[PDB]
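As a starting point, one isolated chain is supplied in structure tokens, in the form solved without its partner chain.
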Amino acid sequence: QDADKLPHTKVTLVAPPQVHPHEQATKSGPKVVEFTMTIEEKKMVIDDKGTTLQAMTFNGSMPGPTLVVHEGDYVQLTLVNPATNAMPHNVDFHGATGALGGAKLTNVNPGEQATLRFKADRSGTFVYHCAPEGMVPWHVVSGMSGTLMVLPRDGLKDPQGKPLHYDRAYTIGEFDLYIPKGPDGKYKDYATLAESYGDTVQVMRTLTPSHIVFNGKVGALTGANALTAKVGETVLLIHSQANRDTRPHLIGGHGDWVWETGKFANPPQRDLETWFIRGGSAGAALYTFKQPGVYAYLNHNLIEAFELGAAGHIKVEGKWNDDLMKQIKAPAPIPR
């Protein structure tokens, strides 16, 4: 026990899909790691036809940034709700024990801020999300979630206890969105956040999302914004879904080691084609690239991916390996 004896570090958060610099295995000791996050309500364009979402976010982004600590650290968050916002908010860390994830101790009306500490005594990727009483699903589906990664002190491990590592970490929040439609069957635009509410609840209750998006927008992780890697590189793909199940898949790739339930004291599974993230959870997959090219990373309900938007790209540099894959005969007429 006593956390007050311990050294402090301040961490500067970065925007998804990146994750702030951290060590995997560490020789360092339990610290009190300090973070600050600032809630921002805002309208966002979520697709290529100018449909908007009256959104709510931690730190301006969907998802919130990923916070990283080691098992044994103490997370200390200053949560700030500017008076420029319209709603109260709080925070529920699934990584934390007591007070409803910290939601009870972090209720912040606009103009307020609070500071929570909890011990990160359990390794894994864990969702955090806003949970204001009477209003939980709305705040979550409107964008208010992210990931806390608690790495084992000696870093990641395979089922045999052998070390595993990644060279690059990426963070993907998947967001099932419930955008209301007018009598004309066009999506509704709302002047304020409060005004989106009633109509939104009614779409939510149909359990049918209008949109399902990575990192805030259809196409968010495509084009200039595609993720990147090199043949030989190991990536950790962190995938959070605070409200609905999803099934990540890397087209042309695999999940070399996957913790689908996101909890690193458990052995991961290997060679996965498609894994499963349970709504209300974050999972983690390692992949070491072996072929160059553009890969698709997606929800493998293909409707949810291609029709609804749950899909991104990874652009991978390096040398083609004909042993792994070879075009023997290119497309050509069927021999007469």
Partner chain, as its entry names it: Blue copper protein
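Numbering follows the first chain given and starts at 1.
Asker: State which stretch shows the higher mean Cα B factor in the entry: 35 to 43 or 282 to 290.
Answerer: Mean CA B-factor is higher for 35 to 43.
Asker: Which is higher on mean Cα B factor in this entry, 197 to 205 or 184 to 192?
Answerer: It is 184 to 192 that shows the higher mean C-alpha B-factor.
Asker: Of the choices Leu177, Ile172, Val108, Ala99, which one's C-alpha carries the largest B-factor in the record?
Answerer: In the PDB entry, the greatest C-alpha B-factor among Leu177, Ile172, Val108, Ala99 is found at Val108.
Asker: Would you mind ranking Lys230 by its C-alpha B-factor against the rest of the chain and naming the third, lowest, middle or highest?
Answerer: For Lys230, the deposited C-alpha B-factor lands in the highest third.
Asker: Considering every modelled residue of the chain and its Cα B-factor in the PDB entry, is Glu112 in the lowest, middle or highest third?
Answerer: Highest third, going by the recorded CA B-factors of the chain.
Asker: Thinking about Cα B factors across the chain, which third does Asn85 belong to?
Answerer: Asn85: CA B-factor falls in the highest third of its chain.
Asker: Give the position of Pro30 by CA B-factor within its chain, expressed as the lowest, middle or highest third.
Answerer: Ranked within chain, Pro30 CA B lands in the highest tercile.
Asker: Can you tell me whether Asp256 has a C-alpha B-factor in the lowest, middle or highest third compared with the other modelled residues of the same chain?
Answerer: Lowest third - that is where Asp256 ends up once the chain's C-alpha B-factors are sorted.
The discussion below concerns the form deposited with its partner chain bound, not included here.
Asker: Looking in the entry with it bound, any heavy atom of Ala226 within 4.5 Å of its partner chain?
Answerer: Flag for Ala226 set to no.
Asker: State yes or no: in the entry with it bound, is some non-hydrogen atom of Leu164 no more than 4.5 angstroms from a non-hydrogen atom of its partner chain?
Answerer: No, no contact at 4.5 Å.
Asker: In the entry with it bound, does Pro152 have a heavy atom within 4.5 Å of its partner chain?
Answerer: No.
Asker: Does the 4.5 Å heavy atom contact test between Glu195 and its partner chain in the entry with it bound come out positive?
Answerer: Contact check for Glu195: yes, within 4.5 Å of its partner chain in the entry with it bound.
Asker: Which listed residue (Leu236, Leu156, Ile179, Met87) meets the criterion of a heavy atom within 4.5 Å of its partner chain in the entry with it bound?
Answerer: Partner contact (heavy atom, 4.5 Å) among the options: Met87.
Asker: Looking at its partner chain in the entry with it bound, which residues in 105 to 144 have at least one heavy atom within 4.5 Å of it?
Answerer: Residues within 4.5 Å: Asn109, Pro110, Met135, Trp138.
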